[PDB]
Amino acid sequence: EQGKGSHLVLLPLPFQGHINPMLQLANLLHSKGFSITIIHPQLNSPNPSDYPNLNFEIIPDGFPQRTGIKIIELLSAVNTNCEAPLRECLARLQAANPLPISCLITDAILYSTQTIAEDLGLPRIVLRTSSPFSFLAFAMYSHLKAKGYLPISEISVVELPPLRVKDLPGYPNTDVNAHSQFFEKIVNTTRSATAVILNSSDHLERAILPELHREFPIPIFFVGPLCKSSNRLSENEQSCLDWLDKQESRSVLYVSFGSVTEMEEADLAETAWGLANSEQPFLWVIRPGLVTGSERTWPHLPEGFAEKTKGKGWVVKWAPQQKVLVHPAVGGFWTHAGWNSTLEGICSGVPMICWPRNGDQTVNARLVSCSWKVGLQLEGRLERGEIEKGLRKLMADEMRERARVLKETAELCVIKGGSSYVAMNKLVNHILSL
Ligand SMILES: O=c1ccn([C@@H]2O[C@H](COP(=O)(O)OP(=O)(O)O)[C@@H](O)[C@H]2O)c(=O)[nH]1
């Protein structure tokens, strides 16, 4: 097997939407014959028992922490508090097995791994877990400031169709200058690696593919969708599947806003009443930590909601999302348009309604609704009226046919001969050549 005898160390950023593709990549590479060490902070640490073919080294992260505000601060804090323990753990790993790490594969957001890799003389490959389209925005961010797109709504960003100003990637309560600093750091430490892995396919990116290559001085591998590649479900996850088994085919709206976005009580109430008033069956994930600054207890739902929706809805703290999405009862997906959830909806043929919040979410949601046209976007603060219109519109009536095509195209790119199967074999060769 091609990689046997080659030790790769993969470094995810410690949140689920980053851990998940890094470890899909990990399992894929292990199946190509590599030995895989994951190094991870204790923060949101994955379960080793779900990845029995991977070796796990857990490091102290020196920290709770809010994930929906002050995002540049949090992400700089993750880099900083983990850096010294990472350095010492990598050095101990080399010393403790002089019998050698071939490569470091690092989340693009962990820009601290560049200095670490240079000091250890190790080659780096950067994994970008956001949408490849969003990279184009990050790369030309100061140019978008130049042309007066930023700061600040529906004006077409002509350089980046179909994006509007309001779709450009950003973080709450954050100035253009802070955005330019941060994005330029991630862009630079991606461009300084030996290669960049993108979690998408040649076909999904066809409209921008030439442009993408030109924004990187280094080779690019389109190995996704990586989700197309556990050992025990929690109580909340297993109830998801048992409840769906009772529901009519394609009748369920699955609702989940990822692992890190946040809401206040009032937005959650509008969600809830919009959901209830739409009268659609729904599986709603309200993760611990979604709702901030409230004084009420999980699931923070308005009084009367459970009563009005008994029989129609199921509320949980976590869902086995990928199994939920291929489940025959699931007919739509209200997402925040995180890239993993976008891909997972595409791979499952499930039309989506998008309420993006920050980062590439706003890019992805516009792509879902305008470019791939496999779903719709809620524009805006959530308001129950507009939400119910969106949910009834999603679950009624074509979009499904385009979603079916996209799904089939994703199946074909990952099998033998597919562009992503090819691209992963070139990646393996790039790794072996280092
Ligand atoms: O109840 C949930 C919610 C999310 N996810 C997974 O968490 C990840 C979230 O990544 P995404 O890019 O969608 O958003 P992020 O969480 O990074 O904002 C995806 O792989 C989802 O399948 C899950 O397994 N269960």
Side-chain angles (χ1 to χ4, degrees), residues 12-27 43-44 46-47 50-51 66-69 71 74-75 78 107-110 127-134 169-172 198-200 224-230 232-241 243-244 252-263 282-290 298-299 314-327 330 333-348 350 352-365 367-368 375:
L13 189 79
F15 314 89
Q16 209 62 50
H18 301 253
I19 285 149
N20 276 1
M22 183 58 86
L23 297 186
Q24 295 156 358
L25 173 69
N27 270 332
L43 186 57
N44 301 317
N47 281 18
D50 289 334
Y51 302 91
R66 298 266 308 263
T67 50
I69 55 187
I71 290 171
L74 164 79
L75 293 175
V78 164
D107 191 293
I109 305 301
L110 283 187
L127 172 71
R128 209 182 140 84
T129 64
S130 57
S131 64
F133 196 118
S134 70
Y171 306 123
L198 295 180
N199 185 18
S200 187
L226 280 168
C227 52
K228 295 279 317 174
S229 285
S230 76
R232 167 167 204 289
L233 292 189
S234 64
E235 195 269 339
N236 273 258
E237 292 162 287
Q238 179 62 57
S239 75
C240 286
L241 302 175
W243 185 83
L244 294 171
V252 178
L253 172 78
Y254 168 66
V255 182
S256 186
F257 301 155
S259 60
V260 293
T261 64
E262 284 170 351
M263 294 172 75
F282 59 86
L283 176 65
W284 189 4
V285 165
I286 297 172
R287 82 187 170 80
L290 170 62
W298 189 89
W314 192 255
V315 173
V316 298
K317 291 173 196 172
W318 197 243
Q321 175 152 302
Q322 276 170 83
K323 277 166 218 262
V324 164
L325 281 176
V326 296
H327 193 291
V330 167
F333 180 18
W334 184 5
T335 176
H336 76 307
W339 185 233
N340 289 289
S341 286
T342 305
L343 289 175
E344 291 158 16
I346 282 161
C347 291
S348 61
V350 175
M352 291 167 282
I353 185 168
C354 307
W355 183 47
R357 311 298 302 292
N358 55 64
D360 71 322
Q361 291 157 34
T362 51
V363 173
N364 303 343
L367 283 181
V368 157

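No hydrogens, no waters, no symmetry mates; every other heavy atom, side chains included, goes into these values. In each ligand, atom 1 is the first atom listed, and ligand 1 is the first ligand listed. When a residue number appears, it is its place in the shown sequence, counting from 1.
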Minimum side-chain heavy-atom gap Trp314-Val252 below 4.5 Å: no

Contact partition for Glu344 relative to ligand 1, non-hydrogen atoms under 4.0 Å: side chain

Worked check of side-chain contact (heavy atoms from CB on, under 4.5 Å) between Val316 and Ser239: CA-CA 8 Å; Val316 298; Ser239 75; 3.8 Å; yes

Per-atom contacts, ligand 1 versus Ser259 - under 4.0 Å to a heavy atom: 15 (P), 16 (O)

Distance-minimising heavy-atom pair for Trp339 and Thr129: CD1-O, 3.5 Å

Nearest-neighbour protein heavy atom for atom 17 (O) of ligand 1, which is reported as residue plus atom name and distance: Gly17 CA, 3.4 Å

For atom 6 (C) of ligand 1, the protein heavy atom that lies nearest, with its residue and separation: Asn20 ND2, 3.7 Å

Top protein contact for atom 21 (C) of ligand 1, by heavy-atom distance: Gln321 NE2, 3.2 Å

Part of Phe257 within contact of ligand 1 (heavy atoms, under 4.0 Å): neither

Heavy-atom side-chain contact between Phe133 and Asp360 under 4.5 Å: no

Min side-chain heavy-atom separation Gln361-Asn358 under 4.5 Å: yes

Heavy-atom nearest neighbour in the protein, as seen from atom 11 (P) of ligand 1, with distance rounded to 0.1 Å: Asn340 CB, 3.7 Å

Atom indices of ligand 1 within 4.0 angstrom of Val285 heavy atoms, with elements: 1 (O)

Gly258 neighbourhood, listing ligand 1 atoms whose heavy-atom distance to it stays under 4.0 Å: 16 (O)

Minimal non-hydrogen separation, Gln16 against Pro21, with atom names: O-CD, 4.4 Å

Within reach of ligand 1, part of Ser341 (heavy-atom separation under 4.0 Å): both

Close-contact set for ligand 1 against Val260 heavy atoms, below 4.0 Å: 18 (O)

Heavy-atom gap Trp284 to ligand 1 smaller than 4.0 Å: no

Atom indices of ligand 1 within 4.0 angstrom of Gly338 heavy atoms, with elements: 11 (P), 12 (O), 13 (O), 14 (O)

Residue portion contacting ligand 1 (non-hydrogen atoms closer than 4.0 Å) for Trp318: both

Atoms of ligand 1, numbered as shown, that sit under 4.0 Å from any heavy atom of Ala319: 1 (O), 2 (C), 23 (C), 24 (O), 25 (N)

Sub-4.0 Å heavy-atom approach of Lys317 to ligand 1: no

Minimum-distance protein heavy atom relative to atom 3 (C) of ligand 1: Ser256 OG, 3.2 Å

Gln321 versus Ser341, closest heavy-atom pair with distance: NE2-OG, 2.8 Å

Non-hydrogen atoms of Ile19 and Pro12 that approach each other most closely: CA-CB, 4.1 Å

Heavy-atom closest pair, residues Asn340 and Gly17: ND2-O, 2.5 Å

N/O separation below 3.5 Å, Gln16 to ligand 1: no

Straight-line distance of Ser130 OG to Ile109 CD1, nearest 0.5 Å: 6.5 Å

Aromatic ring pairing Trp355/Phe257, orientation class (parallel under 30°, perpendicular over 60°, tilted between): perpendicular

Atom of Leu233, atom of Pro320 and distance for their closest heavy-atom approach: CD2-CB, 4.3 Å

4.0 Å heavy-atom contact, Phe15 with ligand 1: no

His18-ligand 1 polar pair, N/O distance under 3.5 Å: no

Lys323 vs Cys240 side-chain heavy atoms within contact, under 4.5 Å: no

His336 and ligand 1 - part of the residue with a heavy-atom distance under 4.0 Å: side chain

